[PDB]
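Trainee: got the complex split up, this is the first portion:
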Amino acid sequence: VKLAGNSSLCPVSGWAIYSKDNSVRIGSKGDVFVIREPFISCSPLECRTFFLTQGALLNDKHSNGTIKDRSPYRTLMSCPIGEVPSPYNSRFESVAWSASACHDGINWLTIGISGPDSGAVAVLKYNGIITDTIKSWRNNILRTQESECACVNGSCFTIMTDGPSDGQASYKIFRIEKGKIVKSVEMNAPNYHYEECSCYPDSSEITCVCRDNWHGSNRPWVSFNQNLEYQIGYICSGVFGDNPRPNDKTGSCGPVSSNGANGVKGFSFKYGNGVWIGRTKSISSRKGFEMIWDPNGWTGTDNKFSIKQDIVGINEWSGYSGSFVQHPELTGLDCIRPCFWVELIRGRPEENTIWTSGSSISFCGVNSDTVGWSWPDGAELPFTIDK
């Protein structure tokens, strides 16, 4: 039955580890896809790990030059959580170098973006059947969340961006029903920049935390209801969430230009005026990961926070991060619980290899005892194909 989604976020006081696939480590021997931009999404029965393959396997010559994010060989595929993304356990979803996927409660909705940079087309599938398409309206690379979309009452929503990555672009909100685009609104957000949003439903509405790649070291956000009436803004906290960023300082409810140039996909959970912030430990590179609870960070500009939980050591590689929820239909709780995943990028550009890939770890919020630690990728690089 449909996913109602009228519950508020469960209040959390920590993060318990949910999955770790150890892909790249197992990829040294087994047959494992070279992947990047992974994300988790759950149905009322199970949870799955979606990812964008490169049409190639680790330790194979076809993994050469797989920095390039866009090629006719990348495909959106999925496998159970904590499992290695192998061709023997992965289900095919769509041909895409930019993707998004969510479950409305009756069928998997998948959004696959492929085509040329000037004519990219997003293929929408509902139960693997093509139900709609949408073409790039600004002829500059069309891209989407790279995380799960958010479904409420039977309608699923997502964010897409069309235009420059180093300047003002165009951002649209969509409301999909059974894979059919039924309403869209272009956001009136001058001087804002939205990319790779992490959207979660919260009491019949949706709030996306996104990445400002143009002039932002804090994270932009947009919240909307089913009629797609929206509100925009930036996380005001002085605990900056993007990477790169400046040191923790006085924040702003607008874009922070200092280290405002290109960033990393991230997430955040708003609780009143508090915010759970997931970010890298390093200020310059994609190293380490931590969760920070700022009780007034959503509307206040100071740098003070009360809780910090270590996720990945400051010395070890991290990458994309995104939110994913577990609805009461799945958990039996009375509120929609928040969780999140972390991509662990290995190889190029930071390491001496011919390839770039990533593994994943995931945590779910609980109101009970937790602990901070480091759950890194753990692969010993370079691999045999890099010699």
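Mentor: All right, it came through fine. Numbering: from 1, shown residues only, chains lettered A, B, ... in the order given.
Trainee: residue A:192: neighbouring residues, count only.
Mentor: Residue A:192 is surrounded by 23 other residues when neighbours are defined as other C-beta atoms under 10 Å. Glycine gets a C-beta too; all of them are placed from N, C-alpha and C.
Trainee: surely it and residue A:210 touch.
Mentor: No. Using C-beta atoms under 8 Å, residue A:192 and residue A:210 do not qualify as a contacting pair, with a distance of 9.0 Å.
Trainee: residue A:263 and residue A:215 touch, don't they?
Mentor: No. The pair formed by residue A:263 and residue A:215 falls short of the contact definition of C-beta under 8 Å, at 10.1 Å.
Trainee: if you count surrounding residues, which of those two has more?
Mentor: Set side by side, residue A:263 and residue A:215 show more neighbours around residue A:263, with 24 against 19, by other C-beta under 10 Å.
Trainee: can you point out the buried residues in stretch A:255-274?
Mentor: Using 16 or more other C-beta atoms under 10 Å as the test for burial, stretch A:255-274 gives A:255-256, A:258-260, A:262-271, A:274.
Trainee: correct me, but residue A:215 touches residue A:193?
Mentor: Yes. Distance between residue A:215 and residue A:193: 6.9 Å, which falls inside the contact criterion (C-beta under 8 Å).
Trainee: what's across from the closest residue to residue A:192 other than its chain neighbours in the sheet?
Mentor: Take residue A:192 and drop its neighbours on the chain: the residue closest to it by C-beta to C-beta, 6 or more residues apart in numbering is residue A:220, 5.5 Å away. Beta bridges link residue A:220 to residue A:234, judged by DSSP bridges.
Trainee: ok, now which ones touch residue A:220?
Mentor: Taking C-beta atoms under 8 Å, 6 or more residues apart in numbering as the criterion, residue A:220 is in contact with A:192-194, A:209-212, A:232-235, A:255.
Trainee: mind doing that once more with 7 Å?
Mentor: Taking C-beta atoms under 7 Å, 6 or more residues apart in numbering, we find residue A:220 in contact with A:192-194, A:210, A:212, A:234, A:255.
Trainee: repeat for residue A:214
Mentor: A:166-167, A:193.
Trainee: what about residue A:134, distance to residue A:214?
Mentor: Counting by C-beta to C-beta, to the nearest Å, the separation of residue A:134 from residue A:214 is 23 Å.
Trainee: put chain B onto that model:
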Amino acid sequence: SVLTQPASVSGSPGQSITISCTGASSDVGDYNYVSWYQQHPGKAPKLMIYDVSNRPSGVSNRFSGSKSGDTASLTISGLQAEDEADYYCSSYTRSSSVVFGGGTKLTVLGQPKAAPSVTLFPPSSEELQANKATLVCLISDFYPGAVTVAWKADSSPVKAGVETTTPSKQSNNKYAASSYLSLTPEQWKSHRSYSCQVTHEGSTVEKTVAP
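Mentor: Adding chain B to the chains above:
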């Protein structure tokens, strides 16, 4: 997009001087990737200023940069003799991905004047036997390197067959230049004499040869 720069600026030792890039500041929410370069003759440019007010390690703190509106400025305090070189500004824009300015030649004044030592040679007998003739006028040890040459034959100015080089700095910080007059052996011995007049800072030195 074009970055405009003063063609020449001049100052004395101890004086401060400001060059001014007056090009890219565009595209309001985009950033400013503005940078400055110093280039001595025969050597590669040296990054003095980037990111407009930032300065890399090893560069003297006498150099500083600023920008206001569409004009960037490079300020050099306490002018030294080694600062005499060419200066360029640069900028990254979405439209054009870098634009080096036209350039500014910085001159450090105070140096004494020097009249040119001119030597004029008639054509060799060995060249005339090959039915060719060339007059060699050689200009040496003049300061600064600005000069113009006029050829004549019996008080009559001649323009045909004049090839004059651009001035070049010697190893002693003075300049040199040469001029060549091509003639047929008839034009050489039919005229009474030939003269090479080298006018430098209004003062003209002259030399004359004859067959």
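Trainee: once more on the neighbour count of residue A:192, this time with chain B?
Mentor: Number of residues near residue A:192 (other C-beta atoms under 10 Å in any protein chain shown) recorded here: 24.
Trainee: surely it touches residue A:233?
Mentor: No. Using C-beta atoms under 7 Å, residue A:192 makes no contact with residue A:233, being 8.8 Å away.
Trainee: ok, residue A:138 touching residue A:170?
Mentor: Yes. Under the criterion of C-beta under 7 Å, residue A:138 is in contact with residue A:170, at a separation of 5.1 Å.
Trainee: what's the overlap in contacts for the two?
Mentor: Overlap between the contact sets of residue A:138 and residue A:170, as judged by C-beta atoms under 7 Å, 6 or more residues apart in numbering or on different chains, is given by A:162-163.
Trainee: those two - which one has more neighbours?
Mentor: Each of residue A:138 and residue A:170 has its neighbours counted (other C-beta under 10 Å); residue A:170 has more, 18 against 13.
Trainee: ok, the more buried one - contacts?
Mentor: Residue A:170 makes contact with A:137-138, A:162-163, A:186, according to C-beta under 7 Å, 6+ apart.
Trainee: and what of residue A:327?
Mentor: Residue A:327 sits next to A:3, A:5, A:44, A:336 when contact means C-beta under 7 Å, 6+ apart.
Trainee: residue B:86 now?
Mentor: Applying C-beta under 7 Å, 6+ apart, we find residue B:86 in contact with B:39, B:103-105.
Trainee: among those residues, which one lies nearest to residue A:73?
Mentor: Of all the contacts of residue B:86, residue A:73 sits closest to residue B:39, with 46.6 Å by C-beta to C-beta.
Trainee: for that closest one, grab the count of nearby residues.
Mentor: Once other C-beta under 10 Å is used to define contacts, residue B:39 is seen to have 14 neighbours.
Trainee: which of the contacts of residue B:86 are buried? Put it as a ChimeraX command.
Mentor: Only the buried entries of the contacts of residue B:86 go into this ChimeraX selection, using 16 or more other C-beta atoms under 10 Å in any protein chain shown:
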select /B:103,104
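Trainee: let's see which of the contacts of residue B:86 end up in strands.
Mentor: Using DSSP state E to define strands, the subset of these located there is B:39, B:104-105.
Trainee: redo the residues you listed as a markdown table? Include distance to residue B:94.
Mentor: Converted to a markdown table, the ones in strands among the contacts of residue B:86 look like this (distance: C-beta to C-beta, whole Å):
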| residue | distance to residue B:94 |
| --- | --- |
| B:39 | 27 |
| B:104 | 26 |
| B:105 | 31 |
